[PDB]
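Taking the form deposited in one PDB entry, here's one chain by itself in structure tokens.
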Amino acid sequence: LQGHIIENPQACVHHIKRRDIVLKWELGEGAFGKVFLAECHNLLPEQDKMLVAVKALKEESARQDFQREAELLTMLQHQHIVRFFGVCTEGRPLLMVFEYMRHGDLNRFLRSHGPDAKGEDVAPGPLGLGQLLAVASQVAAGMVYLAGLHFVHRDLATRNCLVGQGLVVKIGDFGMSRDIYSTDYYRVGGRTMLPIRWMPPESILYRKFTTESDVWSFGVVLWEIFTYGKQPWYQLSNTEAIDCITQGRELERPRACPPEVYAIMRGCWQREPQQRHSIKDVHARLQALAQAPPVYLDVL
């Protein structure tokens, strides 16, 4: 499905004993399975006992797909990709073990730290310019890594990023986005749900997905960040958003967004995929601004 790692045409899979996993409570549930918070014993040398997110898959094709999923997730090792620890194949259900990200999905985190909201890692009130850039740079670093391994995401959006302790941001999700954020998808035939608001015209019109369609989605992610998690084209219905995107309309500059950052967004939104800036360049630009001294960021 769109955004699933198995859509990539790209064993060393680590196994965990069922006894080493102790389920605490459910974190969520979707069409593909349930996600629990659990304690995992003897996983990391110093740890002894550590918190993890455990995806219990619903279930053949399912067992075959599971193995291909774990192989692909095992290939990923980067500071800005949600860590995959391994599987549990003893008994049912089959389990996938991941690191636990304390602050939840990036969309929820932006909204809870934005002007429309009701203090350990973040100051009171809306996130500052420097925090917004740090968040953007980290998502970009994750996208640089995936592009380097020739992976295509297809569902890049803040809902599909997680936030951990110390404001660490990583790309990853436990396959519940269509269930938690159903309004972020356009349902085509009772089953297929498309994240049209994050998609470029070649993906909507021609159903083509590449590193360049992901860079367009990154531009939309940049916009979500600088709007504090607001839905792109929120004022438009699903058909009206398809019309705007195909007609070549671009999202307005967010109020918290400096001109320099908006130029980075527009670079991701070139009609011709070939003309879009590389993620490597997008990352270098955002990282530079993120680590800029307060004197420089204050005038931006």
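Residue numbers here begin at 1 and follow the sequence given. C-alpha atoms forming the largest set that superposes within 1.5 Å between two forms make up the rigid core.
The same protein has a further form, the form deposited in another entry, not shown here; the description that follows concerns it.
With the two forms superposed on the core, which of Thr210, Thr192, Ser112, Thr74 shows a CA shift of 2 angstroms or more between the shown form and the other one? The answer here is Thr192.
Looking in the other entry, are the Cα atoms of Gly248 and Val188 closer together or farther apart than here, the change being 3 Å or more? It is closer: the C-alpha separation of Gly248 and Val188 falls by at least 3 Å in the other entry.
If the C-alpha spacing of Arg191 and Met96 moves by 3 Å or more in the other entry, is that a move closer or farther apart? Compared with this form, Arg191 and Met96 lie farther apart in the other entry.
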